[PDB]
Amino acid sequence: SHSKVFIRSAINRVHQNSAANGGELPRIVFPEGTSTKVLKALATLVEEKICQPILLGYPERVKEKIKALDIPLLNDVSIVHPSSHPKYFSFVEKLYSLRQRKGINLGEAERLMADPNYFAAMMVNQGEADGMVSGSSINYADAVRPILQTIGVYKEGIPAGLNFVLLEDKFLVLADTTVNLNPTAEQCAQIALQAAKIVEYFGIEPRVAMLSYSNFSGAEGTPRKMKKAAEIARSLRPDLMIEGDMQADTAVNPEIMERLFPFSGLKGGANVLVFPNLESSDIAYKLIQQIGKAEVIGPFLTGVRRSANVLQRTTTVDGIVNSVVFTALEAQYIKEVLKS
């Protein structure tokens, strides 16, 4: 319901941004050229003029799988087999340059570049595509690895999953929901800032709460970690409301925060919730999904230099649609920053 309001508003901004650039659409690579869910979503994606999809694989198999699934809009989409691309050898040359002191010889580099995930990542790194969406078939850790090795993180950034809680009027941002098992205080602050930047993109003032099982106790263990994380974040970005350690009801409810912790600098309820570990975040957002009838989209990958996202294995087809939009939006924002 609200998610369809949100995806629409997102798609509308995609069109807004494709205007102001000649009309060009972002080139998105899909390493899983024969995935059923991916192909089904590509049907919806090309009518909404969100991207130029690029499938990876043998042109015969993908056209066969496209014909088998009975999908009409896809008979003109660009398809690439990695090792056959004109720029293949130079991509191998580049990967070898990147990882030759991290245990990758020349032959391993070729063998890797024939892997669709690595080729897709290099396409984005080298500017031959604008973004990529992978991982509907392999586990997160395996899917995000070629992205991190090829594309890498920007300075001081950290790869971190981010989910949206779609409410009636506003939204919440949850991080990190996919990557860091047990982030330190320094890592949590960085995760906090990366979520805040995304909130700023929607023109909303970010208000960040570092979650714990405690209210401002700073006790040894995760309370001190989340307290220090709030302190680190505030020193790194003094214009923002960042607070912790605090419980989740205190974070989202401005009434509880006011009555019980008037000294707190977080006023008006948080819209960014930073979790102390992957257990609490992954369990939290999946329980919100299943039990409280509430809308959840994501995860969307933050902290990487170029536009890339990783889909979960249990992803829905709308999941891939949502993921491709955020990949498209991200790709466009990076291009604007690059020119400036």
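For every residue, the number given is its place in the sequence shown, counted from 1.
When 105-113 is weighed against 75-83, 75-83 comes out higher, by mean CA B-factor as recorded in the entry. Once the C-alpha B-factors are averaged per stretch, 26-34 and 42-50 rank with 42-50 first.
Reading the B-factor column for the CA atoms of 176, 200, 245, 186 in the entry, the top value corresponds to 200.
In the deposited entry, the Cα temperature factor of residue 273 sits in the bottom third of values across the chain's modelled residues. Compared with the other modelled residues of the chain, the Cα B-factor recorded for residue 11 ranks in the highest third. In the PDB entry, a CA B factor belonging to the highest third of its chain's modelled residues is recorded for residue 239.
Looking at the C-alpha B-factors along this chain, the one for residue 171 belongs to the middle third. Placement of the Cα temperature factor of residue 287 within the chain: lowest third of the modelled residues, per the deposited record.
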